Amino acid sequence: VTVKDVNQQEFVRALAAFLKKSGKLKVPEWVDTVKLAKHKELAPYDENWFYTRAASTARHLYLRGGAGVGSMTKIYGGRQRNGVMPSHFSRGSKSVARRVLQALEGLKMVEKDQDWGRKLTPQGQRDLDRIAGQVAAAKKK
Amino acid sequence: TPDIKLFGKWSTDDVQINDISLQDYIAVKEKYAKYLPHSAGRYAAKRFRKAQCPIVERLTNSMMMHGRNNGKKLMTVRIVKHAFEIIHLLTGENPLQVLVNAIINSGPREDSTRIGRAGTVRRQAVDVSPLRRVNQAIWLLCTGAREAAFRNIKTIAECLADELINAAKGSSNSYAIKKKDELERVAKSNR
Amino acid sequence: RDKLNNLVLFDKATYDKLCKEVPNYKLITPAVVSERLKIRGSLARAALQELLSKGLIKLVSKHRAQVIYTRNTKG
Amino acid sequence: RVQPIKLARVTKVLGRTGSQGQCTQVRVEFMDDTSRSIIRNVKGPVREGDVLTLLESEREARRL
Amino acid sequence: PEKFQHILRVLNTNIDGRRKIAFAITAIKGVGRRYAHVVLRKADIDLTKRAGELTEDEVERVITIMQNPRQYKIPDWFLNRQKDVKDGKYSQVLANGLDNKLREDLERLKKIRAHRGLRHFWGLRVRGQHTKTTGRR
Amino acid sequence: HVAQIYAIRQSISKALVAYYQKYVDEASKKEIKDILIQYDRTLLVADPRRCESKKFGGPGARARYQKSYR
RNA sequence: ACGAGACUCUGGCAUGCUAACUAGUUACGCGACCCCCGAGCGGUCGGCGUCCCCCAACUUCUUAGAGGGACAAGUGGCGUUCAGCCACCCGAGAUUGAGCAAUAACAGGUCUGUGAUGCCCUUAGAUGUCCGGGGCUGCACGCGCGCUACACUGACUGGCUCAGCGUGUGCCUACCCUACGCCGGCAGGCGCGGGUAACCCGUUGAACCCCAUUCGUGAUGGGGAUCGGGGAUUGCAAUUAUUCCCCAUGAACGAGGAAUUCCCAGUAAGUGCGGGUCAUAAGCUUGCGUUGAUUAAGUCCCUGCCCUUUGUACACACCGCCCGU
């Protein structure tokens, strides 16, 4: 199997199990109080979202690699409701995004490849496809 | 013309029309019945190109209304398909048969049109062609649904289903059928 | 305007009030429960979540804006 | 009060006037008894040889 | 379940016992949706319990934590009174004691006769907006 | 999203329409094409309708900003 | 002879043509690299976030040159059977949208765009210029274009995936677009590596919308005005708060009277993105794309327009004229 044959919305939840099982990457001292972007009005209801956020950005590296802070901040964006004035687009947080990438470095998941863009190690890909063999084996559309 | 007509969830066949006056306009087998209600975008070119869309498709098109909702079609497709599950649960028979006997039951037989009768432009009761009777009800029933679910807790697939299922056995209860007679009643009051 | 008094709790009397009746409903949705009772959906969606766990009510469609349940084939 | 509700076919469309172009005269026949061709005005699209529903057949509704 | 700890009083400010605990806390002045949502985290309480649930043994934690934010590694940038021209007390503030500060700071403008206070003395717009069309309720 | 769907539902169909000619009989086109066309025209024929330009006056092509009357 | 039409640009579609490392290539060689990553012991398969030189195959998509194509042509009705209309297989069925625009005028705006200018005013205590700080924005009021909502088809939170016009640095002049690594919650900062551009921004991986949790008819978390404290940015100067961030106060408003505007097809309507102003920057405007209806194929009923017949005591022409205590 491969990531390109399974449900992505449940896939990120699946990997959110894995980083809870490893449970040693890092969890920043500020996970309590940050907002995950500059446009939201309320921090996430789920307090264990770092397993979720790091499930996404690591997953997106599998499909559009060479991505740094920007290509991860660009995906994390939506309406920036200034209220009376019309809404807009506003990129997500910078520092919160990179701390994921550094934490993956310690776990050796991702690496900085040529062109200075984060890519994925050949052992790093093993983890991403391995869990795919589990969701696929337990779900047929 | 596939192996058999089917929604994948319901089946189109055996949906009968209780008027000889609404076939060729209540379209359930034009030459077919589409698996999923969503247009190709051809229609609305000549005045009778509008009577070749599936009745479900046009009702899907009329759920978008009143500002914030406008232009969101895939959201209605979700409502309509769910709303047919709900009708099939309360009463049974294929909701097409519910909808068909419902959209019949909400279009008036008459209207009061302005015309010269008594020197000034009066109102003389007139007759309504089949297209204007299917077209009136279809946007009339949405009006009941949109009004009903505007402040209730009820889910939309509930109120729309609850409103239609009244009409197939219409008893002066569904907002559309409440209007339908009142359109005729005032029409017969002046001639 | 007038309150609806949709409460935020149970009382061991209204709860078993629910436990006999609804599995004979052909239409089991969070909306119809709160029409029948003077209860918020939050409890009822949870109460149906409570009742769904027992097995007295079965599943037709669990969707973001609405969920559908039916009878347990009583007869 | 008897309730004669008659079904009927148009044959040709005559004209489309009366208030603002809203109404439409036809010379509708009945389909089931080829009987009195009552010329009545209707409001809305009118196909060629299309069916019609009708409450009371006794107007003639002509150029008033 | 039973009604244990519904509508109550704290900081002399009512609490809407029916709702969730998170936004019930926000019924107090000086506290908002976020400041409520963080102190709940630092008291280690499940957000999914209504206010008629857990008794005073847990809110006794919250009342003190809320009064003194700095003691529990609360990022000071949440705090709404930082580096004040009063004694530099970096602390979240609370019920009507806070409005006292608002009376004080406005008075400070009006005790020294500054620009902003001079407009508050009349009650017109102070942030430098217009009143060509707006200003009438 | 919807634009892509109305593309793939056409490209796939016109793929098999174009395939069956080059290595299979022409009737294999017609037994398929006629069943394809008698169901939906668009699966064979592309949607020509496309967005039209915007005029000054009106946020869209043909709407207008209101007019002020003394 | 003018205006119309004719013409220019634009959109459609041409599996045909000359072509493309600054485009596709992608179909392939599987020349390799990687995960048992699965039916598969394994290969062939599926995938690649990948890696290539041209001694691969080209041009469907990408781009733009010549082409080509549609013309009441084919058929049938209706027509004085001329002009033409209605319908239909064919297909872009003559139908995309604009640019362009005559005769005669208006005491319509502009001397505040101009070294284009008549006359008058004034020219040293300047109505010339330059500098400083202010004002053009001030509040009992009434007005005209507009963004925000009033919520559950909704809001909060998470995942998800898609776009098209352009634009971007040394100019008689002062600063452009921005990847990528670290610091900072964020607003921001510091080394830095590209671009005078189909080259790196940018395979523009935008939003409403698609799938989950929370809220539960309650001024509620809808709404985001007002006010206080804080934190950064551009600048000779932010105070009468340039902007932007953070905490916090949480009002008016329960779908809106009389009136009245805009629209008939990818149009209405929703959402988002460029350009313009721009050292600081849009609630405005000029454009682009996405989501995608209901209601019409008609009439002069209202406000108005073109031609002809008739009427007039009107001619700065009904905003006319004109009568008597």
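- Per the deposition metadata, cryo-EM was the technique used to determine this entry, at a resolution of 3.49 Å.

### Things to note about the nonpolar core
Here's step 1: With 45 residues, the main nonpolar core has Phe84(B) and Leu160(B) as its most contacted residues.
Here's step 2: Where this core is concerned, the elements lending two or more residues are α1 (55-61), α2 (73-90), α3 (95-103), α4 (130-148), α5 (156-167) and α6 (175-189) of chain B.
Here's step 3: At eight residues, α4(B) tops the list of elements feeding residues into this core.
Here's step 4: Each residue touching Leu160(B), except ones within four places of it in the same chain, is listed here: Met63(B), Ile79(B), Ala83(B), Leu141(B) and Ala145(B).
Here's step 5: Membership of the second largest hydrophobic core comes to 29 residues, among which are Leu19(A), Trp49(A), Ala55(A) and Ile131(A).

### Some remarks on the sheet that holds strand β4 (residues 42-43) of chain D
Here's step 1: As summarised here, the arrangement of the three strands in space is β1(B)-β2(B)-β4(D), forming an open sheet in which the pairing is mixed. Lying at the two open borders of the sheet, with one neighbouring strand each, are β1 (110-118) of chain B together with β4 of chain D.
Here's step 2: Inspection of the sheet shows strand β2 (residues 120-128) of chain B paired to β4(D) by two bridges, in the parallel sense. Considered in β4(D), the bridge of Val128(B) is made with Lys43(D).

### Digging into helix α2 (residues 26-37) of chain F
Note on helix geometry: an α-helix contains 3.6 residues per turn, so any two residues three or four positions apart are oriented the same way.
All names here are of chain F.
Here's step 1: Spanning twelve residues, α2 covers 16 Å between terminal C-alpha atoms, matching the ideal 16 Å at 1.5 Å per step.
Here's step 2: Among the residues of α2, those classed as buried are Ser-28, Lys-29 and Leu-36. All buried residues of α2 lie within an arc of 100° about the axis, which places them on one face of the element.
Here's step 3: Residues of α2 that are buried in the fold lie against α1 (2-23).

### Considerations on the packing of α1(F) against α2(F)
Residues and elements named next belong to chain F.
Here's step 1: Interhelical geometry of α1 versus α2 gives an angle of 155° and a closest axis separation of 7 Å. Comparing the axis directions of α1 and α2 gives the class roughly antiparallel. Handedness of the α1/α2 crossing: left-handed. Within the contact between the two elements, α1 uses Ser-13, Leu-16, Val-17, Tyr-20 and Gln-21 and α2 uses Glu-26, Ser-28, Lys-29, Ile-32, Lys-33 and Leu-36.
Here's step 2: Looking at the contact of α1 with α2 residue by residue, the classes come out as five nonpolar, three polar and three charged.

### What about unusual backbone geometry?
Here's step 1: The residue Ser172(B) is not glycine, and still its phi comes out positive at about 60°.
Here's step 2: Inspection of the secondary structure puts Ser172(B) in the loop between α5 and α6.
Here's step 3: Even without being a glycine, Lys83(E) presents a positive backbone phi close to 60°.

### Side note on helix α4 (residues 97-112) of chain E
All names here are of chain E.
Here's step 1: Along its 16 residues, α4 runs 23 Å from first to last C-alpha, staying within 8% of the 22 Å computed at 1.5 Å per residue.
Here's step 2: Looking only at α4, the buried set comprises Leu-98, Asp-99, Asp-105 and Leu-109. Down the axis of α4, the buried set is contained in an arc of 120°. They therefore lie on one face. When the buried face of α4 is taken as reference, the exposed residues oriented beyond 90 degrees from it are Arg-103, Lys-111 and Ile-112.
Here's step 3: Where α4 is buried, its residues meet α5 (115-120).

### Observations regarding the state of the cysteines
Residues and elements named next belong to chain B.
Here's step 1: Inspection of the entire model under this criterion finds zero disulfides over all chains.
Here's step 2: Just so you know, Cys-159 is unpaired, no disulfide at all, and the nearest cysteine sulfur is the one on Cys-142, 10 Å from it.
Here's step 3: The class for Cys-159 is buried, based on a relative accessible area of 4%.

### Section: the interface of chain B and chain D
Here's step 1: The partner chain D presents 22 residues to the 25 residues of chain B that form the contact.
Here's step 2: Both sides of the chain B and chain D interface together cover about 2,400 Å² of buried area, and 53% of this is carbon and sulfur.
Here's step 3: Seen at the junction of chain B and chain D, the total is eight residue pairs in polar contact.
Here's step 4: Residue assignment for the side of chain B that touches chain D shows that the elements contributing at least two residues are β1, β2 and α4 of chain B.
Here's step 5: At seven residues, the largest contribution of residues to the side of chain B that touches chain D is made by β1(B).

Rules of the game
- Residues numbered from 1 in each chain as written, not as in the entry; some residues may be left out.
- Chains lettered and ligands numbered in written order.
- Part of a larger assembly, values for the part shown.
- Heavy atoms only, no water.
- Core = buried A, V, L, I, M, F, W, Y, C linked by side-chain atoms within 4.5 Å.
- Buried < 20%, exposed > 50% of the residue type's maximum accessible area, 1.4 Å probe, protein only.
- Helix = DSSP H or I, 4+ residues; strand = E, 2+ residues; numbered from the N terminus.
- Contact = heavy atoms within 4.5 Å.
- Pairing = 2+ DSSP bridges.
- Expected span 1.5 Å × (residues − 1).
- Arc of directions from axis to C-beta.
- Axes fitted to C-alpha atoms, helices over the stretch in contact; angles between N-to-C directions.
- Parallel < 35°, antiparallel > 145°, perpendicular 65-115°, else oblique.
- Left-handed = near helix turned anticlockwise from the far one by under 90°.
- Nonpolar A, V, L, I, M, F, W, Y, C, P; charged D, E, K, R; others polar.
- Disulfide = S-S within 2.5 Å.
- Buried area = accessible area lost by both parts, 1.4 Å probe.
- Polar contact = N/O pair within 3.5 Å; in protein donor to acceptor, adjacent residues only side chain to side chain.

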